[PDB]
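Peer 1: The following block contains the structure, expressed as structure tokens.
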Amino acid sequence: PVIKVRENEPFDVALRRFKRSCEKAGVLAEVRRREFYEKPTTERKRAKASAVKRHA
Amino acid sequence: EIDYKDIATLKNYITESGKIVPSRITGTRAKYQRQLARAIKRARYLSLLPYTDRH
Amino acid sequence: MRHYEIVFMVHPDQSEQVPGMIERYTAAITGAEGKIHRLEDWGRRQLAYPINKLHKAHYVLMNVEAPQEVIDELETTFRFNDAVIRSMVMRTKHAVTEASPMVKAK
Amino acid sequence: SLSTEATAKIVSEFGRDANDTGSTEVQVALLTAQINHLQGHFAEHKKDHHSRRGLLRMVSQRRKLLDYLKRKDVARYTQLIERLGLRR
Amino acid sequence: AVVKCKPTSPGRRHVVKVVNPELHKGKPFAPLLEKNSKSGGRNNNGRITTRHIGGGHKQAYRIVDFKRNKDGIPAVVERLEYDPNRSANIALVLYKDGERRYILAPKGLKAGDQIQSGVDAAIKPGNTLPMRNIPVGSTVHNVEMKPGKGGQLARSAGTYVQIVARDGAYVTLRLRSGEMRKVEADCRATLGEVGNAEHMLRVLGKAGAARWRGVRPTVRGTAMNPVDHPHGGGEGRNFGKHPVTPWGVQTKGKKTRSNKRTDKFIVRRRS
RNA sequence: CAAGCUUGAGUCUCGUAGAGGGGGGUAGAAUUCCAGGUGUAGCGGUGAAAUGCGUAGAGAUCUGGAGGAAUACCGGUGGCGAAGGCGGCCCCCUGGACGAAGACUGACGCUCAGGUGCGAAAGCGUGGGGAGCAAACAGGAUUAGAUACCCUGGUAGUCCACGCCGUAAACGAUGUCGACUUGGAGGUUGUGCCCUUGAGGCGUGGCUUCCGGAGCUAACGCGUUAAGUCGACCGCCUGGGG
RNA sequence: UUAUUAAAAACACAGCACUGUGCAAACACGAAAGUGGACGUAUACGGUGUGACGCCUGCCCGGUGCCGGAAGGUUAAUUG
Ligand SMILES: [Mg+2]
Ligand SMILES: [Mg+2]
Ligand SMILES: [Mg+2]
Ligand SMILES: [Mg+2]
Ligand SMILES: [Mg+2]
Ligand SMILES: [Mg+2]
Ligand SMILES: [Mg+2]
Ligand SMILES: [Mg+2]
Ligand SMILES: [Mg+2]
Ligand SMILES: [Mg+2]
Ligand SMILES: [Mg+2]
Ligand SMILES: [Mg+2]
Ligand SMILES: [Mg+2]
Ligand SMILES: [Mg+2]
Ligand SMILES: [Mg+2]
Ligand SMILES: [Mg+2]
Ligand SMILES: [Mg+2]
Ligand SMILES: [Mg+2]
Ligand SMILES: [Mg+2]
Ligand SMILES: [Mg+2]
Ligand SMILES: [Mg+2]
Ligand SMILES: [Mg+2]
Ligand SMILES: [Mg+2]
Ligand SMILES: [Mg+2]
Ligand SMILES: [Mg+2]
Ligand SMILES: [Mg+2]
Ligand SMILES: [Mg+2]
Ligand SMILES: [Mg+2]
């Protein structure tokens with residue numbers, strides 16, 4: 001998520017651009033998931049539970 | 001039907017970081033979402049598309 | 001006796017051997033009673049990422065109907081050649097001759 | 001599995017006409033051509049267990065068809081197992 | 001093919017032999033034979049200079065081409081033969097002009113195969129080319145150290161050498177010991193590995209099998225008297241000392257390489 | 001027992017989708033290590049610490065190289081497989097399933113004691129390989145103790161080839177095969193027809209997910225993929241411990 | 001195997017392991033020239049220990065040895 005600062009752009013609008021860009025790009029959640037190993041039986045149990053509670 | 005050499009079509013289906021956009025959002029049907037991902041992966045190998053941004 | 005789509009890219013410092021390289025590989029293919037469906041010299045093209053500290057490889061595409069013992073020897077000459085930096089053989093269902101998007105992108 | 005013209009040669013060779021694809025002698029001869037052909041595959045690929053399960057279905061289907069043909073007409077059964085070389 | 005023997009006798013219980021049926025059952029090619037008489041490990045002073053050598057079967061020497069300089073001329077492999085002078089097998093080849101030579105047999109090579117030396121040869125196992133014409137990453141054997149001298153590295157059965165890098169007039173090789181070495185790029189190499197890779201799978205089974213190969217028995221230094229060995233002596237089983245050679249140099253760990261003129265070719269020692 | 005028939009079961013023709021299996025190549029991101037450059041006092045770790053690493057120049061940052069393992073995004077109540085299981089890309093060999101219209105054989109079928117084969121992970125044998133992780137082990141903490149949970153290390157193993165083992169909450173805790181019995185909302189993969197623009201709609205097969213009717217059930221629940229109504233065959237149970 | 005008081009449980013052994021050695025090899029006999037290792041080349045060669053095979057092989061690096069490191073302290077010939 002590379003963001004360049006444009007002409008006469010304040011600082012707080014390019015901070016927000018950088019915050020908005022890596023929140024959409026999914027960088028903090030990819031790193032915090034990959035911090036510990038998960039067994040493939042635990043990955044399937046979480047995947048099954050997240051699919052069942054997607055019930056509106 | 002989808003072709004890896006058609007670069008202008010494939011680039012409407014990747015993000016700015018190069019990740020493949022899921023068909024939940026783009027609305028591609030399931031049979032063509034599988035043909036899109038296989039063809040994007042062939043084009044990445046020929047360096048017509050990137051895998052990432054930094055490279 | 002199947003259909004193949006072949007892409008190979010060449011180091012740019014030997015880009016004037018490219019028409020010599022094409023017509024050498026053709027005499028091995030038509031000489032095996034295999035027919036040639038397309039042959040596109042794409043030219044120098046900016047790489048999406050560096051390979052061997054490089055950019056701007058020279059791309060050549062061809063579509064071929066041939067038997068398997070000719071196409072197997074084409075990658076031995078892809079492998080041991082120092083000029084080909086990258087190649088790709090794919091099996092095709094039916095022969096293709098319509099112009100590719102790389103010819104209609106000009 | 002078996003290719004189209006190698007298939008159609010056995011039907012013209014082993015059947016009553018070129019329409020008789022379903023008779024017992026044709027089905028045994030179509031299985032025998034593929035069973036003998038797959039020996040070259042499994043001499044190279046001993047660990048291919050998922051393909052050997054499909055080879056063993058042809059072996060049991062030929063044995064069931066051969067025991068049916070022997071119960072109906074033994075004179076036709078003796079001609080087929082000589083021509084194909086079965087049971088020694 | 002490794003074969004186990006059946007325990008019909010106590011000297012046969014542990015014997016595992018290597019039996020290769022594609023070897024030539026017959027006499028070797030007589031114009032390539034020489035006399036080779038045994039030494040007993042004694043030099044021209046008549047003294048034992050290497051211990052534990054003596055006896056064994058009579059052997060004739062086979063002249064093997066380690067140079068491979070018959071360039072340009074193709075050669076068909078006639079048959080594979082047994083060689084008692086080395087661990088690998090040898091092949092008898094026939095050149096188009098009518099010359100016969102013994103080479104080291106590489107892996108996978110049969111009777112009727114075609115080999116060729118030289119700068120313009122093809123990249124296939126059995127061909128010998130200079131290492132500036134071999135792709136980086138290849139597996140080669142019978143590697144020269146000086147150009148024209150003849151092959152000296154990767155000769156034993158199953159051994160090979162990998163070409164790791166080519167920078168300038170030298171190439172870097174990863175030897176079988178784990179050593180990285182610079183060799184000049186004009187040296188020749190033969191494509192492939194050396195054959196007979198299950199030579200290390202055999203079990204001699206009995207003491208006489210070691211005596212048939214000209215290996216004499218080893219006496220432990222701790223089983224001697226103090227006048228004979230540094231380890232000798234004791235009233236019962238005593239050791240009490242640091243392990244050394246029969247000549248007093250600490251063995252079991254101490255490095256002995258002292259060669260300042262070849263040290264510039266060695267990139268990394270083995271580990 | 002003889003002679004038939006095509007409805008069961010099979011064969012051929014044309015297609016479709018698929019992480020089904022075996023073998024060989026290859027790519028990018030990241031970790032570790034080695035060499036070099038810049039630079040200087042901390043790094044790492046925790047609830048807090050210490051062990052550890054670091055002025056012999058670490059951590060950070062850039063360039064080059066070696067090597068192993070696994071394939072982000074696509075990615076799903078998705079798909080394939082008898083089950084175990086299977087996920088980057090390419091090629092070679094190869095198994096099954098499903099649809100359409102026909103043609104062919106003529107009950108050739110179902111189940112299956114004994115038998116044979118396949119069978120996660122861990123483990124064992126022989127030869128390799130060894131980045132990351134990590135039983136055992138070691139040290140630091142916590143504690144009344146702490147042979148643990150936490151921290152810093154770390155060997156087998158995890159990886160490959162060929163043999164062995166033959167077990168799992170190997171689970172849908174639901175044997176296989178066949179027929180019949182109201183509906184609703186979806187997913188996936190074929191195919192037919194209709195104004196073939198609007199482009200959209202109506203059918204007709206296969207697999208699959210969630211509700212729920214009769215009925216059944218001790219209840220929970222199951223509910224056309226039954227645990228409903230029936231037939232064929234097999235396996236198994238007979239109070240808790242021992 | 002102690003010719004001539006000891007034939008054994010001692011020695012050897014196939015197997016196992018550690019260690020050195022890149023070839024003008026390590027090592028040994030030689031003031032040296034040379035020679036053996038070897039007309040061999042790490043699946044090889046030397047040294048050490050244990051001793052077919054089966055199940056195995058726990059904890060300790062404080063002392064001595066050996067491998068590695070170089071900041072620092074100390075330190076010869078030489079110079080004066
Ligand atoms: Mg198929
Ligand atoms: Mg010895
Ligand atoms: Mg020994
Ligand atoms: Mg004594
Ligand atoms: Mg002494
Ligand atoms: Mg003693
Ligand atoms: Mg004592
Ligand atoms: Mg002693
Ligand atoms: Mg597959
Ligand atoms: Mg540095
Ligand atoms: Mg092992
Ligand atoms: Mg831990
Ligand atoms: Mg193991
Ligand atoms: Mg059980
Ligand atoms: Mg399971
Ligand atoms: Mg389950
Ligand atoms: Mg059960
Ligand atoms: Mg329900
Ligand atoms: Mg209820
Ligand atoms: Mg009881
Ligand atoms: Mg005596
Ligand atoms: Mg005597
Ligand atoms: Mg006496
Ligand atoms: Mg006596
Ligand atoms: Mg005696
Ligand atoms: Mg020794
Ligand atoms: Mg002993
Ligand atoms: Mg020191």
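Residue numbering restarts at 1 for every chain of the structure tokens, chains are lettered A, B, ... in their displayed order, and ligands are numbered from 1 as they appear.
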Need to verify the contact set: residue 47 in chain A, 12 Å, only C-alpha atoms (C1' of nucleotides), exclusion of same-chain residues closer than 6 positions in sequence. Can you return it as a ChimeraX atom specification?
Peer 2: /A:40-41,53-54 /F:75-77
Peer 1: For N, CA and C atoms (P, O5', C5', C4', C3', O3' and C1' of nucleotides), I'd like the residues from the last selection saved as a PDB file, in the first residue's frame.
Peer 2:
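Done, and the output landed in part.pdb:
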```pdb
ATOM      1  N   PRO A  40      -4.628 -27.581  11.136  1.00  0.00           N
ATOM      2  CA  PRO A  40      -5.680 -27.568  10.117  1.00  0.00           C
ATOM      3  C   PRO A  40      -7.027 -28.039  10.633  1.00  0.00           C
ATOM      4  N   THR A  41      -7.088 -28.757  11.758  1.00  0.00           N
ATOM      5  CA  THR A  41      -8.379 -29.044  12.368  1.00  0.00           C
ATOM      6  C   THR A  41      -8.959 -27.843  13.096  1.00  0.00           C
ATOM      7  N   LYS A  53     -22.479 -18.725  11.687  1.00  0.00           N
ATOM      8  CA  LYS A  53     -22.969 -17.482  12.280  1.00  0.00           C
ATOM      9  C   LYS A  53     -23.089 -16.340  11.281  1.00  0.00           C
ATOM     10  N   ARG A  54     -22.778 -16.568  10.011  1.00  0.00           N
ATOM     11  CA  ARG A  54     -23.240 -15.708   8.926  1.00  0.00           C
ATOM     12  C   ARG A  54     -24.666 -16.072   8.497  1.00  0.00           C
TER      13      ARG A  54
ATOM     14  P     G F  75     -13.131 -16.662  -4.656  1.00  0.00           P
ATOM     15  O5'   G F  75     -12.683 -17.536  -3.414  1.00  0.00           O
ATOM     16  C5'   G F  75     -13.643 -17.868  -2.421  1.00  0.00           C
ATOM     17  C4'   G F  75     -13.047 -18.594  -1.247  1.00  0.00           C
ATOM     18  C3'   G F  75     -12.058 -17.797  -0.415  1.00  0.00           C
ATOM     19  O3'   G F  75     -12.214 -18.217   0.932  1.00  0.00           O
ATOM     20  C1'   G F  75     -10.990 -19.708  -1.286  1.00  0.00           C
ATOM     21  P     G F  76     -13.133 -17.358   1.920  1.00  0.00           P
ATOM     22  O5'   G F  76     -14.605 -17.858   1.585  1.00  0.00           O
ATOM     23  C5'   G F  76     -14.998 -19.184   1.904  1.00  0.00           C
ATOM     24  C4'   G F  76     -16.304 -19.576   1.262  1.00  0.00           C
ATOM     25  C3'   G F  76     -16.874 -20.894   1.780  1.00  0.00           C
ATOM     26  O3'   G F  76     -18.283 -20.834   1.935  1.00  0.00           O
ATOM     27  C1'   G F  76     -16.544 -20.995  -0.581  1.00  0.00           C
ATOM     28  P     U F  77     -18.910 -20.456   3.355  1.00  0.00           P
ATOM     29  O5'   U F  77     -19.636 -21.759   3.902  1.00  0.00           O
ATOM     30  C5'   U F  77     -18.928 -22.974   4.124  1.00  0.00           C
ATOM     31  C4'   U F  77     -19.711 -24.188   3.702  1.00  0.00           C
ATOM     32  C3'   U F  77     -20.721 -23.999   2.567  1.00  0.00           C
ATOM     33  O3'   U F  77     -20.770 -25.152   1.708  1.00  0.00           O
ATOM     34  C1'   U F  77     -21.824 -24.801   4.490  1.00  0.00           C
TER      35        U F  77
END
```
Peer 1: Dump as a short mmCIF file (atom, residue, chain, number, x, y, z; two decimals) with C-alpha atoms, in the first residue's frame the residues of chain B that approach chain A to within 12 Å, counting only C-alpha atoms.
Peer 2:
```
data_model
loop_
_atom_site.label_atom_id
_atom_site.label_comp_id
_atom_site.auth_asym_id
_atom_site.auth_seq_id
_atom_site.Cartn_x
_atom_site.Cartn_y
_atom_site.Cartn_z
CA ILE B 14 -6.50 -7.25 -9.27
CA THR B 15 -5.99 -4.78 -6.43
CA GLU B 16 -3.32 -2.10 -6.24
CA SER B 17 -1.23 -4.56 -4.21
CA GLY B 18 -1.73 -7.26 -6.84
CA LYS B 19 -4.05 -9.58 -4.93
CA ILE B 20 -6.90 -11.23 -6.81
CA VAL B 21 -10.24 -9.63 -5.89
CA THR B 52 3.24 -8.00 -5.21
CA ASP B 53 4.09 -4.31 -5.38
CA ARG B 54 7.62 -4.12 -4.00
#
```
Peer 1: Name all residues at most 9 Å from range 223-235 of chain F (count only C-alpha atoms (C1' of nucleotides); drop same-chain ones fewer than 4 positions away) and give them as a PyMOL selection string.
Peer 2: chain F and resi 110-113+174-181+208+212-217
Peer 1: Please return as a VMD selection string: the residues of range 26-221 of chain E that backbone DSSP assigns to helix (DSSP H, G or I).
Peer 2: chain E and resid 30 to 32 199 to 201 207 to 212 221
Peer 1: Using only C-alpha atoms (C1' of nucleotides) and all ligand atoms, find each residue with an atom at most 7 Å away from ligand 4 and format the answer as a PyMOL selection string.
Peer 2: chain E and resi 223-225
Peer 1: Which residues are near ligand 6 - at most 10 Å, using only C-alpha atoms (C1' of nucleotides) and all ligand atoms? Format: as a list in words.
Peer 2: residues 222, 223, 224, 225, 226, 231, 232, 233, 234, 235, 236, 237, 238 and 239 of chain E; 10 of chain G
Peer 1: Taking a cut-off of 12 Å and counting only C-alpha atoms (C1' of nucleotides), can you build a table that, for each residue of chain A near chain F, reports the nearest atom pair and how far apart they are in Å (one decimal), sorted by chain then residue number, as a Markdown table?
Peer 2:
```
| residue | atom | partner | partner_atom | distance |
| --- | --- | --- | --- | --- |
| A:25 | CA | F:73 | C1' | 10.5 |
| A:26 | CA | F:73 | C1' | 10.3 |
| A:27 | CA | F:72 | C1' | 11.4 |
| A:30 | CA | F:72 | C1' | 8.8 |
| A:31 | CA | F:72 | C1' | 11.0 |
| A:33 | CA | F:72 | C1' | 11.7 |
| A:34 | CA | F:72 | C1' | 10.3 |
| A:36 | CA | F:133 | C1' | 10.9 |
| A:37 | CA | F:133 | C1' | 9.4 |
| A:44 | CA | F:77 | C1' | 11.5 |
| A:45 | CA | F:77 | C1' | 11.9 |
| A:47 | CA | F:77 | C1' | 9.6 |
| A:48 | CA | F:77 | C1' | 7.2 |
| A:49 | CA | F:77 | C1' | 9.6 |
| A:50 | CA | F:77 | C1' | 10.0 |
| A:51 | CA | F:77 | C1' | 6.5 |
| A:52 | CA | F:77 | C1' | 7.2 |
| A:53 | CA | F:77 | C1' | 10.7 |
| A:54 | CA | F:77 | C1' | 10.2 |
| A:55 | CA | F:210 | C1' | 10.0 |
```
Peer 1: Would you kindly return, as a VMD selection string, each protein, DNA or RNA residue with an atom no farther than 9 Å from any atom of residue 79 in chain F, considering only C-alpha atoms (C1' of nucleotides) and excluding same-chain residues fewer than 5 positions away?
Peer 2: chain F and resid 18 to 19 188
Peer 1: Using only N, CA and C atoms (P, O5', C5', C4', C3', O3' and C1' of nucleotides), please write the residues we just selected to a file, as a PDB file, in the first residue's frame.
Peer 2:
```pdb
ATOM      1  P     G F  18     -12.864 -26.793 -13.992  1.00  0.00           P
ATOM      2  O5'   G F  18     -12.509 -27.870 -12.884  1.00  0.00           O
ATOM      3  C5'   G F  18     -13.085 -27.780 -11.592  1.00  0.00           C
ATOM      4  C4'   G F  18     -12.910 -29.049 -10.808  1.00  0.00           C
ATOM      5  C3'   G F  18     -11.496 -29.551 -10.646  1.00  0.00           C
ATOM      6  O3'   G F  18     -10.746 -28.799  -9.715  1.00  0.00           O
ATOM      7  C1'   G F  18     -12.916 -31.359 -11.132  1.00  0.00           C
ATOM      8  P     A F  19      -9.434 -28.003 -10.191  1.00  0.00           P
ATOM      9  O5'   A F  19      -8.264 -28.627  -9.316  1.00  0.00           O
ATOM     10  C5'   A F  19      -8.113 -28.270  -7.954  1.00  0.00           C
ATOM     11  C4'   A F  19      -7.236 -29.247  -7.216  1.00  0.00           C
ATOM     12  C3'   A F  19      -7.860 -30.599  -6.898  1.00  0.00           C
ATOM     13  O3'   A F  19      -7.668 -31.550  -7.926  1.00  0.00           O
ATOM     14  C1'   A F  19      -6.939 -29.669  -4.932  1.00  0.00           C
ATOM     15  P     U F 188     -22.848 -20.961  -7.321  1.00  0.00           P
ATOM     16  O5'   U F 188     -22.346 -22.394  -7.800  1.00  0.00           O
ATOM     17  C5'   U F 188     -21.139 -22.943  -7.291  1.00  0.00           C
ATOM     18  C4'   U F 188     -21.018 -24.417  -7.590  1.00  0.00           C
ATOM     19  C3'   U F 188     -21.119 -24.787  -9.056  1.00  0.00           C
ATOM     20  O3'   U F 188     -19.913 -24.564  -9.756  1.00  0.00           O
ATOM     21  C1'   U F 188     -22.454 -26.248  -7.789  1.00  0.00           C
TER      22        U F 188
END
```
Peer 1: Can you tell me which residues sit at most 10 Å away from ligand 26, counting only C-alpha atoms (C1' of nucleotides) and all ligand atoms, written as a ChimeraX atom specification?
Peer 2: /E:51-52,217-221,245-246 /G:46-48
Peer 1: How would the residues just picked look written out with N, CA and C atoms (P, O5', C5', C4', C3', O3' and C1' of nucleotides) as a PDB file, in the first residue's frame?
Peer 2:
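And here's again.pdb as it stands now:
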```
ATOM      1  N   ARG E  51      50.560 -49.692   7.213  1.00  0.00           N
ATOM      2  CA  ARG E  51      50.255 -50.946   7.870  1.00  0.00           C
ATOM      3  C   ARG E  51      49.003 -51.589   7.277  1.00  0.00           C
ATOM      4  N   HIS E  52      48.829 -52.875   7.587  1.00  0.00           N
ATOM      5  CA  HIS E  52      47.612 -53.647   7.315  1.00  0.00           C
ATOM      6  C   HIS E  52      47.377 -53.889   5.825  1.00  0.00           C
ATOM      7  N   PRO E 217      45.086 -57.779   9.429  1.00  0.00           N
ATOM      8  CA  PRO E 217      44.346 -57.452  10.655  1.00  0.00           C
ATOM      9  C   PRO E 217      44.915 -56.270  11.434  1.00  0.00           C
ATOM     10  N   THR E 218      44.011 -55.493  12.031  1.00  0.00           N
ATOM     11  CA  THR E 218      44.345 -54.329  12.850  1.00  0.00           C
ATOM     12  C   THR E 218      44.441 -54.692  14.332  1.00  0.00           C
ATOM     13  N   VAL E 219      45.589 -54.441  14.955  1.00  0.00           N
ATOM     14  CA  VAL E 219      45.760 -54.625  16.400  1.00  0.00           C
ATOM     15  C   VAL E 219      45.529 -53.305  17.121  1.00  0.00           C
ATOM     16  N   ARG E 220      44.715 -53.331  18.172  1.00  0.00           N
ATOM     17  CA  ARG E 220      44.468 -52.117  18.934  1.00  0.00           C
ATOM     18  C   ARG E 220      45.714 -51.734  19.712  1.00  0.00           C
ATOM     19  N   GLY E 221      45.998 -50.436  19.761  1.00  0.00           N
ATOM     20  CA  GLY E 221      47.151 -49.973  20.502  1.00  0.00           C
ATOM     21  C   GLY E 221      47.036 -50.194  21.990  1.00  0.00           C
ATOM     22  N   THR E 245      48.253 -41.333  17.752  1.00  0.00           N
ATOM     23  CA  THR E 245      48.680 -42.281  16.735  1.00  0.00           C
ATOM     24  C   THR E 245      49.742 -43.186  17.327  1.00  0.00           C
ATOM     25  N   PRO E 246      50.196 -44.195  16.584  1.00  0.00           N
ATOM     26  CA  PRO E 246      51.376 -44.944  17.029  1.00  0.00           C
ATOM     27  C   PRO E 246      52.639 -44.116  17.103  1.00  0.00           C
TER      28      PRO E 246
ATOM     29  P     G G  46      44.057 -47.594   4.419  1.00  0.00           P
ATOM     30  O5'   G G  46      44.650 -46.665   5.561  1.00  0.00           O
ATOM     31  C5'   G G  46      45.996 -46.230   5.513  1.00  0.00           C
ATOM     32  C4'   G G  46      46.271 -45.098   6.469  1.00  0.00           C
ATOM     33  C3'   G G  46      46.033 -45.365   7.941  1.00  0.00           C
ATOM     34  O3'   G G  46      47.074 -46.104   8.549  1.00  0.00           O
ATOM     35  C1'   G G  46      45.136 -43.270   7.375  1.00  0.00           C
ATOM     36  P     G G  47      46.783 -47.045   9.814  1.00  0.00           P
ATOM     37  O5'   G G  47      46.263 -46.057  10.953  1.00  0.00           O
ATOM     38  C5'   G G  47      47.168 -45.241  11.686  1.00  0.00           C
ATOM     39  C4'   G G  47      46.485 -44.331  12.685  1.00  0.00           C
ATOM     40  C3'   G G  47      45.714 -44.983  13.815  1.00  0.00           C
ATOM     41  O3'   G G  47      46.535 -45.500  14.844  1.00  0.00           O
ATOM     42  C1'   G G  47      44.451 -43.206  12.944  1.00  0.00           C
ATOM     43  P     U G  48      46.056 -46.777  15.683  1.00  0.00           P
ATOM     44  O5'   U G  48      44.838 -46.246  16.553  1.00  0.00           O
ATOM     45  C5'   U G  48      45.013 -45.283  17.576  1.00  0.00           C
ATOM     46  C4'   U G  48      43.695 -44.822  18.150  1.00  0.00           C
ATOM     47  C3'   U G  48      42.769 -45.879  18.713  1.00  0.00           C
ATOM     48  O3'   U G  48      43.152 -46.369  19.977  1.00  0.00           O
ATOM     49  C1'   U G  48      41.518 -44.398  17.405  1.00  0.00           C
TER      50        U G  48
END
```
Peer 1: Could you tell me how far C1' of residue 16 in chain F sits from CA of residue 53 in chain D, in Å to one decimal place?
Peer 2: 23.9 Å
Peer 1: I want to know what sits within 8 Å of range 62-68 of chain G, based on only C-alpha atoms (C1' of nucleotides), with residues of the same chain fewer than 2 positions away left out; could you give that as a ChimeraX atom specification?
Peer 2: /E:242,253-254
Peer 1: With 12 Å as the cut-off and only C-alpha atoms (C1' of nucleotides) counted, what is the closest atom pair between each nearby residue of chain F and chain C? Distances in Å to one decimal, ordered by chain and number, as a Markdown table.
Peer 2:
```
| residue | atom | partner | partner_atom | distance |
| --- | --- | --- | --- | --- |
| F:25 | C1' | C:75 | CA | 10.2 |
| F:26 | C1' | C:88 | CA | 9.6 |
| F:27 | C1' | C:86 | CA | 10.1 |
| F:28 | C1' | C:49 | CA | 9.8 |
| F:64 | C1' | C:53 | CA | 11.7 |
| F:89 | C1' | C:88 | CA | 9.9 |
| F:90 | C1' | C:90 | CA | 6.7 |
| F:91 | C1' | C:90 | CA | 7.8 |
| F:92 | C1' | C:68 | CA | 9.2 |
```
Peer 1: Give me, as a PyMOL selection string, all polymer residues having an atom no more than 12 Å from residue 35 in chain F, counting only C-alpha atoms (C1' of nucleotides) and skipping those fewer than 3 positions away in the same chain.
Peer 2: (chain E and resi 267-268) or (chain F and resi 63-66)
Peer 1: Go ahead and save the residues from that selection, with N, CA, C and O atoms (P, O5', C5', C4', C3', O3' and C1' of nucleotides), as a PDB file, in the first residue's frame.
Peer 2:
```pdb
ATOM      1  N   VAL E 267      37.687 -22.385  -1.151  1.00  0.00           N
ATOM      2  CA  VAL E 267      36.814 -21.324  -0.659  1.00  0.00           C
ATOM      3  C   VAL E 267      36.344 -21.604   0.762  1.00  0.00           C
ATOM      4  O   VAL E 267      36.513 -20.772   1.659  1.00  0.00           O
ATOM      5  N   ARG E 268      35.744 -22.767   0.990  1.00  0.00           N
ATOM      6  CA  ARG E 268      35.254 -23.157   2.306  1.00  0.00           C
ATOM      7  C   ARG E 268      35.654 -24.596   2.563  1.00  0.00           C
ATOM      8  O   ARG E 268      35.440 -25.457   1.708  1.00  0.00           O
TER       9      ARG E 268
ATOM     10  P     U F  63      18.740  -3.966  -1.729  1.00  0.00           P
ATOM     11  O5'   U F  63      20.171  -4.510  -2.163  1.00  0.00           O
ATOM     12  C5'   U F  63      20.920  -3.855  -3.176  1.00  0.00           C
ATOM     13  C4'   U F  63      22.314  -4.418  -3.318  1.00  0.00           C
ATOM     14  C3'   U F  63      22.407  -5.906  -3.575  1.00  0.00           C
ATOM     15  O3'   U F  63      22.108  -6.256  -4.912  1.00  0.00           O
ATOM     16  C1'   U F  63      24.004  -5.286  -1.947  1.00  0.00           C
ATOM     17  P     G F  64      21.341  -7.635  -5.213  1.00  0.00           P
ATOM     18  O5'   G F  64      22.438  -8.773  -5.040  1.00  0.00           O
ATOM     19  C5'   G F  64      23.557  -8.835  -5.907  1.00  0.00           C
ATOM     20  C4'   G F  64      24.632  -9.735  -5.359  1.00  0.00           C
ATOM     21  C3'   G F  64      24.231 -11.181  -5.131  1.00  0.00           C
ATOM     22  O3'   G F  64      24.160 -11.939  -6.326  1.00  0.00           O
ATOM     23  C1'   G F  64      25.453 -10.411  -3.278  1.00  0.00           C
ATOM     24  P     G F  65      23.037 -13.077  -6.481  1.00  0.00           P
ATOM     25  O5'   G F  65      23.574 -14.282  -5.588  1.00  0.00           O
ATOM     26  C5'   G F  65      24.782 -14.945  -5.918  1.00  0.00           C
ATOM     27  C4'   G F  65      25.320 -15.753  -4.766  1.00  0.00           C
ATOM     28  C3'   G F  65      24.492 -16.939  -4.315  1.00  0.00           C
ATOM     29  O3'   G F  65      24.609 -18.051  -5.179  1.00  0.00           O
ATOM     30  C1'   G F  65      25.273 -15.757  -2.432  1.00  0.00           C
ATOM     31  P     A F  66      23.383 -19.068  -5.359  1.00  0.00           P
ATOM     32  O5'   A F  66      23.488 -20.031  -4.098  1.00  0.00           O
ATOM     33  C5'   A F  66      24.669 -20.776  -3.840  1.00  0.00           C
ATOM     34  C4'   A F  66      24.604 -21.446  -2.494  1.00  0.00           C
ATOM     35  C3'   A F  66      23.377 -22.298  -2.231  1.00  0.00           C
ATOM     36  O3'   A F  66      23.501 -23.596  -2.777  1.00  0.00           O
ATOM     37  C1'   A F  66      23.779 -20.894  -0.377  1.00  0.00           C
TER      38        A F  66
END
```
Peer 1: Would you list the contacts of residue 101 in chain C as a ChimeraX atom specification, taking every protein, DNA or RNA residue within 12 Å and counting only C-alpha atoms (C1' of nucleotides), but skipping same-chain residues closer than 5 positions in sequence?
Peer 2: /B:3-9 /C:40,42,61,106
Peer 1: Would you write out, as a Markdown table, a table of all residues in chain E that have an atom no more than 12 Å from an atom of chain C, listing for each the closest atom pair and the distance in Å to one decimal, considering only C-alpha atoms and ordering rows by chain and rising residue number?
Peer 2:
```
| residue | atom | partner | partner_atom | distance |
| --- | --- | --- | --- | --- |
| E:122 | CA | C:80 | CA | 9.9 |
| E:123 | CA | C:80 | CA | 8.1 |
| E:124 | CA | C:76 | CA | 10.7 |
| E:133 | CA | C:80 | CA | 10.1 |
| E:134 | CA | C:80 | CA | 9.0 |
| E:135 | CA | C:80 | CA | 7.0 |
| E:136 | CA | C:80 | CA | 10.1 |
| E:137 | CA | C:80 | CA | 11.5 |
| E:138 | CA | C:80 | CA | 11.0 |
```
Peer 1: Please identify all protein, DNA and RNA residues within 10 Å of ligand 9, counting only C-alpha atoms (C1' of nucleotides) and all ligand atoms, and report them as an NGL selection string.
Peer 2: :F and (18-21 or 80 or 86-87)
Peer 1: Find the nearest atom pair between each residue of chain B and chain C for residues within 6 Å, count only C-alpha atoms, give distances in Å to one decimal, sort rows by chain and ascending number, and present the table as a Markdown table.
Peer 2:
```
| residue | atom | partner | partner_atom | distance |
| --- | --- | --- | --- | --- |
| B:47 | CA | C:48 | CA | 5.0 |
| B:48 | CA | C:48 | CA | 5.6 |
| B:49 | CA | C:48 | CA | 5.6 |
| B:50 | CA | C:48 | CA | 5.3 |
| B:55 | CA | C:49 | CA | 5.9 |
```
